[PDB]
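Peer 1: The structure file protein35.pdb (PDB, C-alpha atoms (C1' of nucleotides)) is provided below.
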ATOM      1  CA  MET A   1       3.182 -84.178-116.970  1.00  0.00           C
ATOM      2  CA  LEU A   2       1.156 -81.319-118.494  1.00  0.00           C
ATOM      3  CA  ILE A   3       1.222 -80.900-122.307  1.00  0.00           C
ATOM      4  CA  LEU A   4       0.034 -78.171-124.666  1.00  0.00           C
ATOM      5  CA  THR A   5      -0.049 -77.483-128.414  1.00  0.00           C
ATOM      6  CA  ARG A   6       0.807 -74.093-129.931  1.00  0.00           C
ATOM      7  CA  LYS A   7       2.191 -72.522-133.109  1.00  0.00           C
ATOM      8  CA  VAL A   8       5.162 -70.330-134.043  1.00  0.00           C
ATOM      9  CA  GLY A   9       4.697 -66.993-132.236  1.00  0.00           C
ATOM     10  CA  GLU A  10       2.617 -68.169-129.238  1.00  0.00           C
ATOM     11  CA  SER A  11       3.668 -68.557-125.582  1.00  0.00           C
ATOM     12  CA  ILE A  12       3.104 -70.548-122.352  1.00  0.00           C
ATOM     13  CA  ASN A  13       3.318 -69.507-118.679  1.00  0.00           C
ATOM     14  CA  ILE A  14       4.521 -71.042-115.395  1.00  0.00           C
ATOM     15  CA  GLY A  15       4.425 -69.929-111.749  1.00  0.00           C
ATOM     16  CA  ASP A  16       3.980 -66.157-111.425  1.00  0.00           C
ATOM     17  CA  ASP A  17       7.442 -65.158-112.716  1.00  0.00           C
ATOM     18  CA  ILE A  18       8.139 -67.517-115.663  1.00  0.00           C
ATOM     19  CA  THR A  19       6.999 -67.394-119.299  1.00  0.00           C
ATOM     20  CA  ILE A  20       8.064 -69.377-122.389  1.00  0.00           C
ATOM     21  CA  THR A  21       7.758 -68.769-126.162  1.00  0.00           C
ATOM     22  CA  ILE A  22       8.063 -70.721-129.445  1.00  0.00           C
ATOM     23  CA  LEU A  23      10.031 -68.385-131.726  1.00  0.00           C
ATOM     24  CA  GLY A  24       9.993 -70.908-134.585  1.00  0.00           C
ATOM     25  CA  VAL A  25      10.805 -74.366-135.977  1.00  0.00           C
ATOM     26  CA  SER A  26      13.489 -75.769-138.313  1.00  0.00           C
ATOM     27  CA  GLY A  27      12.589 -79.374-139.159  1.00  0.00           C
ATOM     28  CA  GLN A  28      13.613 -81.700-136.324  1.00  0.00           C
ATOM     29  CA  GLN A  29      15.109 -78.576-134.676  1.00  0.00           C
ATOM     30  CA  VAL A  30      13.174 -75.942-132.708  1.00  0.00           C
ATOM     31  CA  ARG A  31      13.771 -72.346-131.513  1.00  0.00           C
ATOM     32  CA  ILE A  32      12.293 -71.316-128.152  1.00  0.00           C
ATOM     33  CA  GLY A  33      12.673 -68.473-125.661  1.00  0.00           C
ATOM     34  CA  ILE A  34      12.396 -68.188-121.882  1.00  0.00           C
ATOM     35  CA  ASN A  35      11.416 -65.229-119.714  1.00  0.00           C
ATOM     36  CA  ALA A  36      12.366 -66.024-116.132  1.00  0.00           C
ATOM     37  CA  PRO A  37      14.360 -63.833-113.719  1.00  0.00           C
ATOM     38  CA  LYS A  38      18.108 -64.400-113.402  1.00  0.00           C
ATOM     39  CA  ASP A  39      17.203 -65.123-109.773  1.00  0.00           C
ATOM     40  CA  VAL A  40      16.439 -68.650-111.055  1.00  0.00           C
ATOM     41  CA  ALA A  41      18.669 -70.955-113.097  1.00  0.00           C
ATOM     42  CA  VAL A  42      17.854 -71.779-116.732  1.00  0.00           C
ATOM     43  CA  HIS A  43      19.873 -74.320-118.752  1.00  0.00           C
ATOM     44  CA  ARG A  44      19.628 -77.111-121.324  1.00  0.00           C
ATOM     45  CA  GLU A  45      19.250 -80.684-120.040  1.00  0.00           C
ATOM     46  CA  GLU A  46      22.721 -81.484-121.463  1.00  0.00           C
ATOM     47  CA  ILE A  47      24.295 -79.069-118.938  1.00  0.00           C
ATOM     48  CA  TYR A  48      21.794 -78.555-116.121  1.00  0.00           C
ATOM     49  CA  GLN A  49      22.621 -82.061-114.902  1.00  0.00           C
ATOM     50  CA  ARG A  50      26.342 -81.163-114.864  1.00  0.00           C
ATOM     51  CA  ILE A  51      25.769 -77.892-112.952  1.00  0.00           C
ATOM     52  CA  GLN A  52      23.675 -79.669-110.327  1.00  0.00           C
ATOM     53  CA  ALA A  53      26.465 -82.247-110.037  1.00  0.00           C
ATOM     54  CA  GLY A  54      28.049 -80.032-107.325  1.00  0.00           C
ATOM     55  CA  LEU A  55      29.666 -77.224-109.370  1.00  0.00           C
ATOM     56  CA  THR A  56      28.918 -74.002-111.294  1.00  0.00           C
ATOM     57  CA  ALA A  57      29.528 -72.367-114.699  1.00  0.00           C
ATOM     58  CA  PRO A  58      33.118 -71.894-115.964  1.00  0.00           C
ATOM     59  CA  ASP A  59      35.010 -68.596-116.069  1.00  0.00           C
TER      60      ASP A  59
ATOM     61  CA  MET B   1      15.364 -62.911-122.337  1.00  0.00           C
ATOM     62  CA  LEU B   2      17.198 -66.235-122.792  1.00  0.00           C
ATOM     63  CA  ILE B   3      16.833 -68.234-126.053  1.00  0.00           C
ATOM     64  CA  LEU B   4      17.703 -71.895-126.664  1.00  0.00           C
ATOM     65  CA  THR B   5      17.543 -74.279-129.607  1.00  0.00           C
ATOM     66  CA  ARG B   6      16.317 -77.837-129.078  1.00  0.00           C
ATOM     67  CA  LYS B   7      15.293 -80.940-131.050  1.00  0.00           C
ATOM     68  CA  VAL B   8      12.386 -83.405-130.935  1.00  0.00           C
ATOM     69  CA  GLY B   9      13.036 -85.700-127.957  1.00  0.00           C
ATOM     70  CA  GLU B  10      15.154 -83.349-125.789  1.00  0.00           C
ATOM     71  CA  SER B  11      14.534 -81.085-122.775  1.00  0.00           C
ATOM     72  CA  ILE B  12      15.304 -77.829-120.930  1.00  0.00           C
ATOM     73  CA  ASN B  13      15.327 -77.047-117.183  1.00  0.00           C
ATOM     74  CA  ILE B  14      14.409 -74.095-114.938  1.00  0.00           C
ATOM     75  CA  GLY B  15      14.751 -73.341-111.214  1.00  0.00           C
ATOM     76  CA  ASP B  16      15.163 -76.478-109.080  1.00  0.00           C
ATOM     77  CA  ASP B  17      11.678 -77.964-109.650  1.00  0.00           C
ATOM     78  CA  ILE B  18      10.773 -77.255-113.316  1.00  0.00           C
ATOM     79  CA  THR B  19      11.640 -79.088-116.546  1.00  0.00           C
ATOM     80  CA  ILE B  20      10.358 -78.658-120.126  1.00  0.00           C
ATOM     81  CA  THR B  21      10.346 -80.976-123.168  1.00  0.00           C
ATOM     82  CA  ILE B  22       9.803 -80.836-126.952  1.00  0.00           C
ATOM     83  CA  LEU B  23       7.667 -83.889-127.712  1.00  0.00           C
ATOM     84  CA  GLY B  24       7.546 -83.166-131.454  1.00  0.00           C
ATOM     85  CA  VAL B  25       6.489 -80.862-134.294  1.00  0.00           C
ATOM     86  CA  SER B  26       3.538 -80.630-136.704  1.00  0.00           C
ATOM     87  CA  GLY B  27       4.465 -78.050-139.342  1.00  0.00           C
ATOM     88  CA  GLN B  28       3.603 -74.547-138.119  1.00  0.00           C
ATOM     89  CA  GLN B  29       2.273 -76.322-134.984  1.00  0.00           C
ATOM     90  CA  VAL B  30       4.345 -77.708-132.089  1.00  0.00           C
ATOM     91  CA  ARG B  31       3.837 -80.283-129.297  1.00  0.00           C
ATOM     92  CA  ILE B  32       5.545 -79.468-125.982  1.00  0.00           C
ATOM     93  CA  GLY B  33       5.271 -80.549-122.356  1.00  0.00           C
ATOM     94  CA  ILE B  34       5.946 -79.146-118.889  1.00  0.00           C
ATOM     95  CA  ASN B  35       7.138 -80.984-115.777  1.00  0.00           C
ATOM     96  CA  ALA B  36       6.532 -78.725-112.791  1.00  0.00           C
ATOM     97  CA  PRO B  37       4.790 -79.538-109.492  1.00  0.00           C
ATOM     98  CA  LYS B  38       1.068 -78.787-109.206  1.00  0.00           C
ATOM     99  CA  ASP B  39       2.239 -76.510-106.385  1.00  0.00           C
ATOM    100  CA  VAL B  40       2.889 -74.013-109.220  1.00  0.00           C
ATOM    101  CA  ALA B  41       0.461 -72.849-111.898  1.00  0.00           C
ATOM    102  CA  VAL B  42       0.990 -73.900-115.526  1.00  0.00           C
ATOM    103  CA  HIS B  43      -1.279 -72.661-118.341  1.00  0.00           C
ATOM    104  CA  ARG B  44      -1.298 -71.335-121.929  1.00  0.00           C
ATOM    105  CA  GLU B  45      -0.712 -67.582-122.381  1.00  0.00           C
ATOM    106  CA  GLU B  46      -4.176 -67.395-123.990  1.00  0.00           C
ATOM    107  CA  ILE B  47      -5.818 -68.213-120.625  1.00  0.00           C
ATOM    108  CA  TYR B  48      -3.260 -67.467-117.892  1.00  0.00           C
ATOM    109  CA  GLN B  49      -3.884 -63.749-118.414  1.00  0.00           C
ATOM    110  CA  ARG B  50      -7.621 -64.363-117.888  1.00  0.00           C
ATOM    111  CA  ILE B  51      -7.018 -66.375-114.686  1.00  0.00           C
ATOM    112  CA  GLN B  52      -4.775 -63.701-113.156  1.00  0.00           C
ATOM    113  CA  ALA B  53      -7.403 -61.097-114.078  1.00  0.00           C
ATOM    114  CA  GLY B  54      -8.899 -61.597-110.582  1.00  0.00           C
ATOM    115  CA  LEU B  55     -10.504 -65.076-110.717  1.00  0.00           C
ATOM    116  CA  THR B  56      -9.690 -68.808-110.893  1.00  0.00           C
ATOM    117  CA  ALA B  57     -10.410 -71.877-113.067  1.00  0.00           C
ATOM    118  CA  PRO B  58     -14.102 -72.733-113.750  1.00  0.00           C
ATOM    119  CA  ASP B  59     -14.039 -75.683-111.342  1.00  0.00           C
TER     120      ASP B  59
ATOM    121  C1'   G C   1      14.643 -62.009-149.358  1.00  0.00           C
ATOM    122  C1'   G C   2      12.580 -66.875-148.755  1.00  0.00           C
ATOM    123  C1'   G C   3      12.274 -72.618-148.517  1.00  0.00           C
ATOM    124  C1'   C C   4      15.136 -77.049-146.900  1.00  0.00           C
ATOM    125  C1'   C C   5      19.238 -79.550-143.927  1.00  0.00           C
ATOM    126  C1'   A C   6      23.270 -79.824-140.285  1.00  0.00           C
ATOM    127  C1'   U C   7      26.386 -77.920-136.041  1.00  0.00           C
ATOM    128  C1'   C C   8      27.688 -74.841-132.088  1.00  0.00           C
ATOM    129  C1'   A C   9      25.655 -72.043-128.152  1.00  0.00           C
ATOM    130  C1'   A C  10      26.686 -73.107-118.783  1.00  0.00           C
ATOM    131  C1'   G C  11      23.839 -68.568-123.516  1.00  0.00           C
ATOM    132  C1'   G C  12      19.712 -64.445-119.861  1.00  0.00           C
ATOM    133  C1'   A C  13      20.335 -62.435-127.059  1.00  0.00           C
ATOM    134  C1'   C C  14      13.540 -62.908-130.064  1.00  0.00           C
ATOM    135  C1'   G C  15      21.683 -66.297-129.680  1.00  0.00           C
ATOM    136  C1'   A C  16      25.096 -67.541-133.609  1.00  0.00           C
ATOM    137  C1'   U C  17      27.418 -70.335-137.719  1.00  0.00           C
ATOM    138  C1'   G C  18      27.917 -73.744-141.961  1.00  0.00           C
ATOM    139  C1'   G C  19      25.786 -76.556-146.280  1.00  0.00           C
ATOM    140  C1'   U C  20      21.871 -76.733-150.205  1.00  0.00           C
ATOM    141  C1'   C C  21      18.011 -74.604-153.679  1.00  0.00           C
ATOM    142  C1'   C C  22      15.317 -70.537-155.784  1.00  0.00           C
TER     143        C C  22
ATOM    144  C1'   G D   1       3.947 -94.146-142.797  1.00  0.00           C
ATOM    145  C1'   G D   2       5.189 -89.126-143.982  1.00  0.00           C
ATOM    146  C1'   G D   3       4.663 -83.531-145.711  1.00  0.00           C
ATOM    147  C1'   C D   4       1.189 -79.256-145.351  1.00  0.00           C
ATOM    148  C1'   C D   5      -3.137 -76.559-143.031  1.00  0.00           C
ATOM    149  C1'   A D   6      -7.051 -75.744-139.407  1.00  0.00           C
ATOM    150  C1'   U D   7      -9.650 -76.531-134.498  1.00  0.00           C
ATOM    151  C1'   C D   8     -10.587 -78.034-129.489  1.00  0.00           C
ATOM    152  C1'   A D   9      -8.051 -78.726-125.051  1.00  0.00           C
ATOM    153  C1'   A D  10      -8.069 -73.217-117.408  1.00  0.00           C
ATOM    154  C1'   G D  11      -5.335 -79.406-119.783  1.00  0.00           C
ATOM    155  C1'   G D  12      -1.007 -81.681-115.014  1.00  0.00           C
ATOM    156  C1'   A D  13      -1.909 -86.832-120.584  1.00  0.00           C
ATOM    157  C1'   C D  14       4.866 -87.568-123.527  1.00  0.00           C
ATOM    158  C1'   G D  15      -3.695 -84.739-124.678  1.00  0.00           C
ATOM    159  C1'   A D  16      -7.357 -85.091-128.648  1.00  0.00           C
ATOM    160  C1'   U D  17      -9.908 -83.949-133.439  1.00  0.00           C
ATOM    161  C1'   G D  18     -10.829 -82.368-138.620  1.00  0.00           C
ATOM    162  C1'   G D  19      -9.250 -80.874-143.765  1.00  0.00           C
ATOM    163  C1'   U D  20      -5.498 -81.551-147.876  1.00  0.00           C
ATOM    164  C1'   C D  21      -1.504 -84.274-150.650  1.00  0.00           C
ATOM    165  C1'   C D  22       1.746 -88.390-151.563  1.00  0.00           C
TER     166        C D  22
END
Show me, as structure tokens, the structure contained in the file I just sent.
Peer 2:
Amino acid sequence: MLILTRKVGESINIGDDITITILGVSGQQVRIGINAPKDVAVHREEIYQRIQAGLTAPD
Amino acid sequence: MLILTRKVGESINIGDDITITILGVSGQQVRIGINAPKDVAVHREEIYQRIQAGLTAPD
RNA sequence: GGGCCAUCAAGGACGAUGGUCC
RNA sequence: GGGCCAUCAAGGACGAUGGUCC
């Protein structure tokens, strides 16, 4: 697993079509952004594992 | 652009082969990890833009 | 306007809301 | 053990180091 260290306002990159950003921090909480095409799925771990269970997002 | 909020010890997911984690915080600094295959590139924004300039890693 | 804390957010938005202090 | 600040890390490791305060 690759790891990196950055500060509020910086970014990271993946593949040739994905980019990630650290918009800020709030104690034990964190605020981050993602810049991938809607051609690929993007979800929290608390819900990605329920989507990939054999279903899709609700109405 | 998609934005999420996360906490130290939790994760996010992208595509069907990429996962991201927030290992902790350090004030204005942050510690984060990436769990993608080495079949896709993963670098900091401060260097990815120098790789894709027309060259590759120093080794 | 800012610091601190908590919750929601199948959301594609540099996402939202509540509490506390100045 | 923890808060704050700074640096290295083309790194694939839940990466490293320094300053400051309690």
Peer 1: May I ask you to extract the residues of chain B within 9 Å of chain C, using all atoms listed in the file, and to give them as an NGL selection string?
Peer 2: :B and (1-5)
Peer 1: Report as a list in words the set of chain B residues whose atoms approach chain A to within 7 Å, with distances computed over all atoms listed in the file.
Peer 2: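 Contact residues on the first chain: residues 1, 2, 3, 4, 5, 6, 7, 8, 11, 12, 13, 14, 15, 28, 29, 30, 31, 32, 33, 34, 35, 40, 41, 42, 43, 44, 45 and 48 of chain B.
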Peer 1: Give me, please, the distance in Å between atom CA of residue A:17 and atom CA of residue A:53, quoted to one decimal.
Peer 2: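 Separating atom CA of residue A:17 from atom CA of residue A:53 is a distance of 25.7 Å.
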Peer 1: Any chance you could model N, CA, C and O atoms for stretch 25-48 of chain A and send them as an mmCIF file, in the frame of the given file?
Peer 2:
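Final output, saved to out.cif:
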data_model
loop_
_atom_site.group_PDB
_atom_site.id
_atom_site.type_symbol
_atom_site.label_atom_id
_atom_site.label_comp_id
_atom_site.auth_asym_id
_atom_site.auth_seq_id
_atom_site.Cartn_x
_atom_site.Cartn_y
_atom_site.Cartn_z
ATOM 1 N N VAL A 25 10.455 -72.967 -135.776
ATOM 2 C CA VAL A 25 10.805 -74.366 -135.977
ATOM 3 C C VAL A 25 11.681 -74.500 -137.224
ATOM 4 O O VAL A 25 11.610 -73.673 -138.130
ATOM 5 N N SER A 26 12.509 -75.546 -137.258
ATOM 6 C CA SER A 26 13.489 -75.769 -138.313
ATOM 7 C C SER A 26 13.647 -77.270 -138.547
ATOM 8 O O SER A 26 14.728 -77.823 -138.362
ATOM 9 N N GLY A 27 12.562 -77.934 -138.954
ATOM 10 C CA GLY A 27 12.589 -79.374 -139.159
ATOM 11 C C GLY A 27 12.573 -80.069 -137.808
ATOM 12 O O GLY A 27 11.744 -79.754 -136.950
ATOM 13 N N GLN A 28 13.491 -81.018 -137.601
ATOM 14 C CA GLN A 28 13.613 -81.700 -136.324
ATOM 15 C C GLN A 28 14.168 -80.759 -135.251
ATOM 16 O O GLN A 28 14.181 -81.118 -134.074
ATOM 17 N N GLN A 29 14.621 -79.559 -135.634
ATOM 18 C CA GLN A 29 15.109 -78.576 -134.676
ATOM 19 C C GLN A 29 14.012 -77.558 -134.368
ATOM 20 O O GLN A 29 13.056 -77.405 -135.126
ATOM 21 N N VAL A 30 14.168 -76.864 -133.240
ATOM 22 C CA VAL A 30 13.174 -75.942 -132.708
ATOM 23 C C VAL A 30 13.871 -74.760 -132.039
ATOM 24 O O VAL A 30 14.960 -74.916 -131.489
ATOM 25 N N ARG A 31 13.242 -73.584 -132.086
ATOM 26 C CA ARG A 31 13.771 -72.346 -131.513
ATOM 27 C C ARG A 31 12.760 -71.811 -130.506
ATOM 28 O O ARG A 31 11.631 -71.478 -130.863
ATOM 29 N N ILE A 32 13.169 -71.725 -129.242
ATOM 30 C CA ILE A 32 12.293 -71.316 -128.152
ATOM 31 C C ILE A 32 12.984 -70.297 -127.254
ATOM 32 O O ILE A 32 14.210 -70.234 -127.196
ATOM 33 N N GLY A 33 12.175 -69.503 -126.555
ATOM 34 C CA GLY A 33 12.673 -68.473 -125.661
ATOM 35 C C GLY A 33 12.103 -68.671 -124.267
ATOM 36 O O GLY A 33 11.108 -69.373 -124.090
ATOM 37 N N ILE A 34 12.745 -68.043 -123.284
ATOM 38 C CA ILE A 34 12.396 -68.188 -121.882
ATOM 39 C C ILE A 34 12.467 -66.816 -121.236
ATOM 40 O O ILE A 34 13.378 -66.039 -121.519
ATOM 41 N N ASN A 35 11.509 -66.519 -120.364
ATOM 42 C CA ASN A 35 11.416 -65.229 -119.714
ATOM 43 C C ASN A 35 11.189 -65.440 -118.220
ATOM 44 O O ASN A 35 10.092 -65.243 -117.689
ATOM 45 N N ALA A 36 12.272 -65.848 -117.570
ATOM 46 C CA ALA A 36 12.366 -66.024 -116.132
ATOM 47 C C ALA A 36 13.431 -65.068 -115.604
ATOM 48 O O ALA A 36 14.293 -64.630 -116.369
ATOM 49 N N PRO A 37 13.395 -64.733 -114.312
ATOM 50 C CA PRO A 37 14.360 -63.833 -113.719
ATOM 51 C C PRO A 37 15.687 -64.558 -113.574
ATOM 52 O O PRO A 37 15.723 -65.781 -113.448
ATOM 53 N N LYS A 38 16.789 -63.809 -113.589
ATOM 54 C CA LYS A 38 18.108 -64.400 -113.402
ATOM 55 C C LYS A 38 18.286 -64.869 -111.961
ATOM 56 O O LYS A 38 19.314 -65.443 -111.609
ATOM 57 N N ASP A 39 17.271 -64.618 -111.130
ATOM 58 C CA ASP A 39 17.203 -65.123 -109.773
ATOM 59 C C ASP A 39 16.946 -66.633 -109.774
ATOM 60 O O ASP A 39 17.102 -67.273 -108.737
ATOM 61 N N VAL A 40 16.558 -67.208 -110.916
ATOM 62 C CA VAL A 40 16.439 -68.650 -111.055
ATOM 63 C C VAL A 40 17.253 -69.142 -112.251
ATOM 64 O O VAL A 40 17.358 -68.474 -113.280
ATOM 65 N N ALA A 41 17.826 -70.335 -112.094
ATOM 66 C CA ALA A 41 18.669 -70.955 -113.097
ATOM 67 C C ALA A 41 17.847 -71.394 -114.303
ATOM 68 O O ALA A 41 16.684 -71.768 -114.170
ATOM 69 N N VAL A 42 18.465 -71.346 -115.484
ATOM 70 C CA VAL A 42 17.854 -71.779 -116.732
ATOM 71 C C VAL A 42 18.946 -72.364 -117.617
ATOM 72 O O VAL A 42 19.857 -71.644 -118.020
ATOM 73 N N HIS A 43 18.867 -73.661 -117.926
ATOM 74 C CA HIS A 43 19.873 -74.320 -118.752
ATOM 75 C C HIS A 43 19.279 -75.496 -119.513
ATOM 76 O O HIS A 43 18.214 -76.008 -119.164
ATOM 77 N N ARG A 44 19.984 -75.927 -120.562
ATOM 78 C CA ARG A 44 19.628 -77.111 -121.324
ATOM 79 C C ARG A 44 19.793 -78.356 -120.461
ATOM 80 O O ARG A 44 20.509 -78.325 -119.461
ATOM 81 N N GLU A 45 19.144 -79.460 -120.830
ATOM 82 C CA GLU A 45 19.250 -80.684 -120.040
ATOM 83 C C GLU A 45 20.649 -81.290 -120.143
ATOM 84 O O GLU A 45 21.064 -82.038 -119.263
ATOM 85 N N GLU A 46 21.378 -80.970 -121.220
ATOM 86 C CA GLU A 46 22.721 -81.484 -121.463
ATOM 87 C C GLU A 46 23.753 -80.841 -120.533
ATOM 88 O O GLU A 46 24.895 -81.290 -120.474
ATOM 89 N N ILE A 47 23.371 -79.789 -119.800
ATOM 90 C CA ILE A 47 24.295 -79.069 -118.938
ATOM 91 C C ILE A 47 23.681 -78.812 -117.569
ATOM 92 O O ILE A 47 24.420 -78.621 -116.606
ATOM 93 N N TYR A 48 22.355 -78.800 -117.433
ATOM 94 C CA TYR A 48 21.794 -78.555 -116.121
ATOM 95 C C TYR A 48 22.203 -79.672 -115.164
ATOM 96 O O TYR A 48 22.422 -79.437 -113.977
#
